[PDB]
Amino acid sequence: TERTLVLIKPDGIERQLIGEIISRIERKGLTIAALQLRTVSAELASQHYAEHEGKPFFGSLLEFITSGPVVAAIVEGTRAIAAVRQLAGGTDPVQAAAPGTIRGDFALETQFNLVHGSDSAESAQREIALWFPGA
């Protein structure tokens, strides 16, 4: 049983999709090991998006993730990392995400694609340690 980090971004909260997103994870057979609504500091924001520090959008990216509260959660279970990714759908909600996925059913633009899931085992360890220090 692996673990992955799931973030419900500000747009997901503003559109009242917290329960919907969690339900999909629960009915998939995965378990919620940690769940917390909280604000994000620039420090945490910077460290989460470290890999895009040079990129032009980095600026706006940090501004968004700090504009409102987010829901962070540790999802645990068999094939959890890949399962959450399958559930979420590709980055572009119209051209990459299939209908039936979170982004495919509810999103229109890449900027506001509601949720985040760790893209790999290596990535999951880093993200979980970062958001849930000591766990």
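Don't overthink the numbering: it's just position in the shown sequence, from 1.
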Ranked by mean Cα B-factor in the entry, 62-70 and 29-37, top stretch is 62-70
Looking only at C-alpha temperature factors in the entry, 13-21 or 107-115, the higher average sits in 107-115
One of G90, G100, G77, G54 has the largest Cα B-factor in the entry, namely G54
The third of the chain into which the C-alpha temperature factor of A82 falls is the lowest
